[PDB]
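Taking it in order: structure first as C-alpha cells, then the write-up.
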Amino acid sequence: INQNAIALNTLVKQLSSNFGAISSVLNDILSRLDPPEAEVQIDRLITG
Amino acid sequence: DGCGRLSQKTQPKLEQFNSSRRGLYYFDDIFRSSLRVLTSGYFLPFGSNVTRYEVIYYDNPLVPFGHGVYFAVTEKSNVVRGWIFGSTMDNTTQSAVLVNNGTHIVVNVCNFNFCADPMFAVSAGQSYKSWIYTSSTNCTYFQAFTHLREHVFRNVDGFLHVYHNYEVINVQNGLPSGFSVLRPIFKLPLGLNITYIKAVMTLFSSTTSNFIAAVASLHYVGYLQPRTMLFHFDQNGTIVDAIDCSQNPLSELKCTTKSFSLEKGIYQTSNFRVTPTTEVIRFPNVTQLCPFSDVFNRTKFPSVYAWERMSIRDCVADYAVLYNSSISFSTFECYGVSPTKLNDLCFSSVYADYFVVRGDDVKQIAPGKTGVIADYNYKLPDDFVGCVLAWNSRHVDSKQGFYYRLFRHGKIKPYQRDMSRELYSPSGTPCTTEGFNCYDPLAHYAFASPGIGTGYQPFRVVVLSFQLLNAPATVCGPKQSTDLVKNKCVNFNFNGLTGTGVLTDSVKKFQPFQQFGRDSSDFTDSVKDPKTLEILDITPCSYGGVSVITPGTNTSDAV
Amino acid sequence: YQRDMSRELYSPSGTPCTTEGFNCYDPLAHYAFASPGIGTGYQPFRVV
Amino acid sequence: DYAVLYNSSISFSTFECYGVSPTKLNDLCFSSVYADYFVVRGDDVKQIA
Amino acid sequence: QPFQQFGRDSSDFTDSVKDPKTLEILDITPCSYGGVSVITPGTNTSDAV
Ligand SMILES: *[C@@H]1O[C@H](CO)[C@@H](O[C@@H]2O[C@H](CO)[C@@H](O[C@@H]3O[C@H](CO)[C@@H](O)[C@H](O)[C@@H]3O)[C@H](O)[C@H]2NC(C)=O)[C@H](O)[C@H]1NC(C)=O
Ligand SMILES: *[C@@H]1O[C@H](CO)[C@@H](O[C@@H]2O[C@H](CO)[C@@H](O[C@@H]3O[C@H](CO)[C@@H](O)[C@H](O)[C@@H]3O)[C@H](O)[C@H]2NC(C)=O)[C@H](O)[C@H]1NC(C)=O
Ligand SMILES: *[C@@H]1O[C@H](CO)[C@@H](O[C@@H]2O[C@H](CO)[C@@H](O[C@@H]3O[C@H](CO)[C@@H](O)[C@H](O)[C@@H]3O)[C@H](O)[C@H]2NC(C)=O)[C@H](O)[C@H]1NC(C)=O
Ligand SMILES: *[C@@H]1O[C@H](CO)[C@@H](O[C@@H]2O[C@H](CO)[C@@H](O[C@@H]3O[C@H](CO)[C@@H](O)[C@H](O)[C@@H]3O)[C@H](O)[C@H]2NC(C)=O)[C@H](O)[C@H]1NC(C)=O
Ligand SMILES: *[C@@H]1O[C@H](CO)[C@@H](O[C@@H]2O[C@H](CO)[C@@H](O[C@@H]3O[C@H](CO)[C@@H](O)[C@H](O)[C@@H]3O)[C@H](O)[C@H]2NC(C)=O)[C@H](O)[C@H]1NC(C)=O
Ligand SMILES: *[C@@H]1O[C@H](CO)[C@@H](O[C@@H]2O[C@H](CO)[C@@H](O[C@@H]3O[C@H](CO)[C@@H](O)[C@H](O)[C@@H]3O)[C@H](O)[C@H]2NC(C)=O)[C@H](O)[C@H]1NC(C)=O
Ligand SMILES: *[C@@H]1O[C@H](CO)[C@@H](O[C@@H]2O[C@H](CO)[C@@H](O)[C@H](O)[C@H]2NC(C)=O)[C@H](O)[C@H]1NC(C)=O
Ligand SMILES: *[C@@H]1O[C@H](CO)[C@@H](O[C@@H]2O[C@H](CO)[C@@H](O)[C@H](O)[C@H]2NC(C)=O)[C@H](O)[C@H]1NC(C)=O
Ligand SMILES: *[C@@H]1O[C@H](CO)[C@@H](O[C@@H]2O[C@H](CO)[C@@H](O)[C@H](O)[C@H]2NC(C)=O)[C@H](O)[C@H]1NC(C)=O
Ligand SMILES: *[C@@H]1O[C@H](CO)[C@@H](O[C@@H]2O[C@H](CO)[C@@H](O)[C@H](O)[C@H]2NC(C)=O)[C@H](O)[C@H]1NC(C)=O
Ligand SMILES: *[C@@H]1O[C@H](CO)[C@@H](O)[C@H](O)[C@H]1NC(C)=O
Ligand SMILES: *[C@@H]1O[C@H](CO)[C@@H](O)[C@H](O)[C@H]1NC(C)=O
Ligand SMILES: *[C@@H]1O[C@H](CO)[C@@H](O)[C@H](O)[C@H]1NC(C)=O
Ligand SMILES: *[C@@H]1O[C@H](CO)[C@@H](O)[C@H](O)[C@H]1NC(C)=O
C-alpha cells in the first residue's frame with residue numbers, strides 16, 4: 001500500500017520540474033513567446 | 001449597365017432544417033490511402049442549424065462570413081450563378097464578385113457601387129443585362145429539383161478556397177440526408193477583408209420589363225464551427241465515413257480508440273463535451289502614458305562612461321504612439337519577450353538607461369559580446385530581459401565633449417559605472433603627471449570632422465529592462481476589462497495570466513504582496529483580482545472520470 | 001497577406017468624420033524622399 | 001592579445017565568431033592559426049559566412 | 001489517380017513514383033530485403049563459415 005501511494009505521489013509531484021525549459025508552468029510560456037519559439041520549450045516538457 | 005428596381009418588399013421567412021451528415025471536404029493535399037487520421041479544424045457539425053431561403057419572394061440577406069459558410073442549392077434550372085464578397089458593400093472598400101458567364105469563370109475584385117437588389121436578367125430565353133454594379137474604380141485582379149450543388153467557401157491567409165459537389169435528388173421539400181464530400185477547385189489569391197457574403201440570382205420577364213420570379217429555387221446556408229473529427233480513407237483515398245467527436249457519448253469513445261467498430265465491455269473516455277466561449281479580462285484601472293517625450297526627446301544625453309538610470313512606474317504602456325513621432329529606429333531587438341505580444345503584459349520593474357556611442361559600436365550593446373564598450377564602459381548580464389532601441393542623432397549631437405574609457409586594468413561587472421579621471425600606467429606604478437608611462441584613460445569621439453562616414457556618426461541608445469510575474473505590476477498594456485463571470489469555466493486573463501477553469505468564490509486567507517496562488521505541482525488554483533481586491537479560485541472544467549458501457553457494434557448502439 | 005487600400009478619414013474616438021480637421025486626420029503619410037542630402041535610413045528601397 | 005587593437009585607429013564594422021565564444025578568447029591556446037586577407041565590395045561582406 | 005507525384009505508405013516510406021518524362025508509375029524497393037545468418041565454428045577452430 002505504501003509503495004503504491006509513494007509511486008502515485010511521486011508521479012504527481014514530478015510535474016514541478018521544468019527539465020531544460022524556462023518554466024514548469026505552461027501558461028506563462030505561451031504568454032511571452034511566439035509559437036515558433038514556444039514549440040521548442042513545449043517539446044522537452046512533453047518528452048520528459 | 002445600371003440596375004432595376006423592386007418597390008415590393010415581402011418580409012423574409014426563416015425556417016430551421018438540419019444538415020444531417022453533410023459538409024465535408026478534403027482539408028489538405030496529402031494523399032492518404034487505407035488509414036484513419038484524427039484532425040481538428042473548422043468543419044460543419046452534424047445536425048446543424050441550417051437556414052433556408054426562397055425566391056415578391058426575394059430574400060438576399062447579408063450573411064456574416066464568420067469562419068466559413070456552407071452553401072448548398074437545390075434547383076431545376078440555372079437561376080443561382082454568383083455570390084458577392086465584401087465588408088461594407090460600398091465603393092470605399094474593395095469587394096469581390098464571382099459570376100458564371102462564359103469559358104471558365106468570371107471573377108472580379110474591384111470597388112463596386114452595388115444597387116439595392118443586385119440581380120441578373122434573362123428575357124425571351126436569352127441573355128440580358130447584368131444589373132449587379134454600376135461603376136468600376138481603380139482595380140487589379142481579373143480572370144476569365146433534379147440538380148443539387150454544394151459549395152464551401154473558406155478564406156485563410158488571403159486565399160479563397162472553393163469546393164464543389166454535384167448530386168441528383170428528387171425531393172419536393174426538405175434538405176435530403178446522407179453523406180457528401182467536396183473537392184477543391186479554386187485557390188484564387190486575393191488579399192481582402194471578407195465579413196459579409198451575398199447572393200445574386202436571375203429574374204425572368206416577358207419582353208423587356210415587369211420581371212417576375214417565375215422559377216423558384218431553394219438554397220441553404222451553414223456556419224462552420226471549430227470541431228474535432230475522425231476521418232477514414234479508402235484505398236483510392238476517398239472519404240467514406242467520419243465521426244464528429246462531440247455529438248453523443250459513443251462518439252468520443254470511438255474517437256479515442258481510433259476505430260470504427262467496438263467490442264463488448266467498459267472503457268474510459270476523455271473530455272470532448274465542454275468548450276469555453278466566454279472571456280474574463282481583468283486589469284488594474286489606471287490611465288496615464290509613460291513620459292516617452294522625456295526619454296526619447298531629451299535634449300542632453302551623457303557619454304557611455306557616465307550613463308544614467310531612470311525609473312518608470314504607474315503607466316499605461318503604448319508603443320504605438322511612437323509612430324506619430326519623427327524618430328526612426330535603426331536597431332530594435334528584444335530578448336526574452338516577443339515583440340509581437342508586448343501590449344498584453346504587465347511589467348513589474350521598468351528601468352531605462354541612455355547614453356551616446358559611436359555608429360560602429362551599436363552592436364556591442366548586446367549580451368555575451370566583446371568590445372571596449374562591453375569591457376570598460378557598459379556590460380549587460382547574460383540573462384538580460386528587455387529590448388534595445390537606437391537611432392541616429394547627427395543633427396543634435398554634432399558637437400564636442402563626448403568621451404569613452406580606453407584604458408582599464410580589470411573588466412567591469414554588468415550594470416557598473418566607472419566615472420573616474422585618475423591617470424593610468426600599464427606597469428601599475430602610481431603616476432604624478434601626464435607623460436611617459438602615464439596616459440589619459442578617456443579618449444575623444446571626434447564627431448566634429450566634416451564628411452565623416454556612417455560608422456563614425458553619433459548615435460543615441462536607450463536600454464529597457466523589466467521583470468515579469470514575480471512582483472505586483474505597475475506598468476501594463478492598453479487593455480480594457482470585461483467584468484467578472486461566475487459559475488462558468490472560461491478563459492481569464494489577470495495581469496497577463498492566461499488560464500481556463502471555473503471561478504465561483506474563495507475563502508482562502510493569504511499575505512499581502514501576492515498576486516498568484518501556486519501549488520505543489522505548480523498548478524494555479526487561486527488569484528487576486530486587482531480591481532475588487534479579493535481572492536478567487538481556479539478549478540479545471542473537467543474533474544471526474546467518465547466510463548461508458550457498450551454491448552458491441554453489431555449488438556446495438558445504446559450505451 | 002492583406003491589402004488595405006483605403007482613403008477614409010480616421011478618428012481616434014471612433015466617431016464618424018465629415019471633413020479633415022479637429023479629431024479627423026489623414027490615414028496616409030508621405031515618405032518625403034525629396035529632401036537633399038538625406039541619410040541612408042531615409043533613402044527609398046525596393047523589396048521583392 | 002586582442003586588447004591592443006583598441007589603441008589603434010581601426011573601427012571594425014563586422015565581427016562574428018563561430019565555434020568559440022568571443023568572451024573567452026583570452027583564456028585559450030590555439031594550435032594552428034592562419035589568416036586570409038582580400039578586398040571585396042561593401043554589399044558582399046555578408047557572403048563571407 | 002491524377003494529380004499525384006509520389007507513392008506514400010502507412011509507415012511514410014516511399015514505394016511508387018510517377019516519371020515526369022514517360023508519364024508512367026515506377027516502384028521503389030530497398031536494396032536489402034532478406035535476413036542473413038552466418039554459422040561459424042569458432043576462431044581457434046577454423047575460419048570457414
Ligand atoms: C477506386 O474506385 C473504383 C470505382 O469504380 C473502385 O471500383 C473498381 O473500379 C474499376 C475501374 O472501373 C473496376 O474495374 C472494372 O471492372 C469490371 C470487371 O472487369 C469492368 O467494368 C472493367 O473491365 C474493369 O475491369 C473494378 O471492378 C471496380 N471494383 C469494384 C470492387 O467494384 C476501385 O475498387 C477503387 N480502387 C481501389 C484501389 O480501392
Ligand atoms: C479602480 O480601482 C479602484 C482602486 O484603485 C477601485 O475603487 C473602488 O471603486 C468602487 C466602484 O464601485 C467603489 O465601490 C463603491 O463604494 C461605495 C460603497 O458604499 C458605493 O459608492 C458603491 O456601492 C460601490 O461599492 C470603491 O469604494 C472604490 N474603492 C475605494 C474608493 O477605495 C475601483 O474598483 C476601480 N474602478 C472601477 C471598477 O470603476
Ligand atoms: C500626432 O502628433 C501631432 C503633432 O504633435 C499631434 O498634434 C497635436 O495634437 C495636440 C492634441 O493631441 C494639440 O494640442 C491641442 O491643440 C489645441 C491648441 O489650440 C487645443 O485643442 C488644445 O489646447 C491642445 O493644446 C496640438 O496643438 C497638436 N499639434 C500640432 C497640430 O502641431 C497629434 O494630435 C498627434 N496624433 C494624431 C495625428 O493622431
Ligand atoms: C573595485 O576596486 C578594487 C580596489 O581598487 C579593485 O581591485 C583591484 O584590482 C586591480 C586589478 O586587478 C588589482 O591590481 C593588481 O594588484 C597587484 C599589484 O598591486 C597585481 O596583482 C597586479 O599587477 C595588479 O596591479 C588591485 O590590487 C585590486 N585591489 C584590491 C584592493 O583588491 C577591483 O578590481 C574593482 N572592481 C572592478 C569590478 O573593477
Ligand atoms: C598607443 O599607441 C600610441 C601611438 O602609437 C603609442 O605611443 C607610442 O609608444 C611607443 C612605445 O610604446 C613610443 O616609442 C618610444 O618612443 C620614444 C622615442 O623617443 C622612446 O621612448 C623609445 O625609443 C620608443 O621609440 C612611440 O614614440 C609612441 N608614439 C607616439 C607617442 O606617437 C602608445 O604607447 C600606445 N599605448 C598606450 C597609450 O597605452
Ligand atoms: C518531354 O516531355 C514531353 C511531353 O511534355 C514528351 O513528349 C514525347 O516525346 C517522345 C519522344 O520519344 C514521343 O515518343 C515518340 O512517339 C512516337 C510513337 O509513334 C515515335 O516518334 C517514337 O517512337 C517515340 O515513342 C512522345 O510521343 C511524346 N509525347 C507526346 C507528343 O505527347 C517527351 O517524352 C519528353 N522529351 C524527350 C524525352 O525528349
Ligand atoms: C434531421 O432532420 C430530419 C428531417 O426532419 C430527421 O429525420 C426524421 O427523423 C425522425 C426521428 O424521429 C423520423 O421519425 C422521421 O421520419 C425523419 N424524417 C425524415 C424526413 O427523414 C433527422 O432525424 C434529423 N437528424 C438529426 C436531428 O440528427
Ligand atoms: C460574359 O460577359 C463578358 C463581359 O461582357 C464577355 O466578355 C467577352 O469574353 C469573350 C470570351 O468569352 C471574349 O472573346 C470577348 O472579347 C469578351 N468581350 C469583351 C468586350 O472583352 C463574355 O462574352 C462573357 N463571358 C466571359 C467569360 O467573360
Ligand atoms: C485610384 O485610381 C485613380 C485613377 O487612376 C488614381 O487617382 C489618380 O492619382 C494620381 C496620382 O498621381 C493623380 O495625379 C490623379 O489626379 C488621380 N486621378 C483621379 C481621377 O483621381 C488613384 O491613385 C488610385 N488609387 C489607388 C491606386 O490607391
Ligand atoms: C524633439 O521635439 C522637438 C519639437 O518639440 C524637435 O525640434 C524640431 O526639430 C526639427 C528637426 O531638426 C527642426 O526643424 C525644428 O525647428 C525643431 N522645432 C520644432 C518646434 O519643430 C526635435 O527635433 C525633437 N527631437 C530631439 C530634440 O531629439
Ligand atoms: C436550432 O435548431 C434547434 C432544433 O434542432 C432549435 O431548437 C433551435 O432553436 C435552433 N436555433 C438555434 C439558434 O439553436
Ligand atoms: C462613392 O460612393 C459615394 C456614396 O454613394 C458617392 O458619393 C461617391 O461619389 C462615390 N465615389 C465614386 C468615385 O464613385
Ligand atoms: C458483425 O455482423 C456481421 C453481419 O453479417 C458479421 O458478418 C460480422 O462478422 C460481425 N462483425 C464482427 C466484428 O464480429
Ligand atoms: C585459442 O587458442 C589458444 C592456443 O594456445 C589458446 O591458448 C587460447 O586460450 C584460445 N582462445 C580462446 C578464446 O579460447
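In the C-alpha cells, each chain is lettered A, B, ... as it comes, each chain's residues begin at 1, and ligands are numbered from 1 in order of appearance.
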With a distance cut-off of 12 Å and only C-alpha atoms, select the neighbouring residues of residue 29 of chain A, excluding the residue or stretch itself and same-chain residues fewer than 2 positions from it, and output the selection as a count of residues only. 30
Only residues of chain E matter here; which ones have an atom within 8 Å of chain B, counting only C-alpha atoms? Give them as a ChimeraX atom specification. /E:1,8-10
Could those residues be written to a file, using C-alpha atoms, as a PDB file, in the first residue's frame?
```
ATOM      1  CA  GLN E   1      -5.452   8.904 -59.631  1.00  0.00           C
ATOM      2  CA  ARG E   8       3.160   7.044 -49.742  1.00  0.00           C
ATOM      3  CA  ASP E   9       2.694   4.216 -47.228  1.00  0.00           C
ATOM      4  CA  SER E  10       1.341   3.546 -43.750  1.00  0.00           C
TER       5      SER E  10
END
```
Within-8 Å residues of ligand 10, basis only C-alpha atoms and all ligand atoms, as a ChimeraX atom specification: /B:293,296-299,326-327,393,395-396
Point out the residue among B:519, B:38, B:128, B:113 with the least atom-to-atom distance to residue 207 of chain B, counting only C-alpha atoms. B:128
Nearby polymer residues, ligand 6, at most 10 Å, only C-alpha atoms and all ligand atoms, as a PDB file with N, CA, C and O atoms, in the first residue's frame:
```
ATOM      1  N   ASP E  19       7.053   8.964 -63.228  1.00  0.00           N
ATOM      2  CA  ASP E  19       8.103   9.575 -64.032  1.00  0.00           C
ATOM      3  C   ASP E  19       7.532  10.770 -64.783  1.00  0.00           C
ATOM      4  O   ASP E  19       6.584  10.605 -65.561  1.00  0.00           O
ATOM      5  N   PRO E  20       8.065  11.980 -64.588  1.00  0.00           N
ATOM      6  CA  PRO E  20       7.515  13.151 -65.289  1.00  0.00           C
ATOM      7  C   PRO E  20       7.805  13.168 -66.780  1.00  0.00           C
ATOM      8  O   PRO E  20       7.177  13.952 -67.502  1.00  0.00           O
ATOM      9  N   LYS E  21       8.730  12.340 -67.262  1.00  0.00           N
ATOM     10  CA  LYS E  21       9.113  12.330 -68.668  1.00  0.00           C
ATOM     11  C   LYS E  21       8.401  11.253 -69.475  1.00  0.00           C
ATOM     12  O   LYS E  21       8.030  11.496 -70.627  1.00  0.00           O
ATOM     13  N   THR E  22       8.197  10.068 -68.901  1.00  0.00           N
ATOM     14  CA  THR E  22       7.485   8.994 -69.581  1.00  0.00           C
ATOM     15  C   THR E  22       6.044   8.841 -69.111  1.00  0.00           C
ATOM     16  O   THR E  22       5.302   8.049 -69.700  1.00  0.00           O
ATOM     17  N   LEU E  23       5.638   9.578 -68.074  1.00  0.00           N
ATOM     18  CA  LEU E  23       4.256   9.587 -67.587  1.00  0.00           C
ATOM     19  C   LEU E  23       3.775   8.184 -67.217  1.00  0.00           C
ATOM     20  O   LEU E  23       2.661   7.781 -67.554  1.00  0.00           O
TER      21      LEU E  23
END
```
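With only C-alpha atoms and all ligand atoms as the atoms that count, the set of residues no farther than 10 Å from ligand 11 is residues 15, 16, 17, 18, 19, 47, 48, 49, 50 and 51 of chain B.
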Surroundings of ligand 13 up to 8 Å, based on only C-alpha atoms and all ligand atoms, as a ChimeraX atom specification: /B:261-263,553-554
Let me see the file: selected residues, C-alpha atoms, as a short mmCIF file (atom, residue, chain, number, x, y, z; two decimals), in the first residue's frame.
```cif
data_model
loop_
_atom_site.label_atom_id
_atom_site.label_comp_id
_atom_site.auth_asym_id
_atom_site.auth_seq_id
_atom_site.Cartn_x
_atom_site.Cartn_y
_atom_site.Cartn_z
CA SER B 261 -16.20 -0.78 -34.53
CA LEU B 262 -16.29 -1.55 -30.81
CA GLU B 263 -16.32 -4.69 -28.68
CA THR B 553 -21.26 -2.63 -32.56
CA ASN B 554 -23.30 -5.46 -34.09
#
```
Exercise answer, 9 Å around ligand 9 with only C-alpha atoms and all ligand atoms, as a PyMOL selection string: (chain B and resi 137-139) or (chain C and resi 5-7)
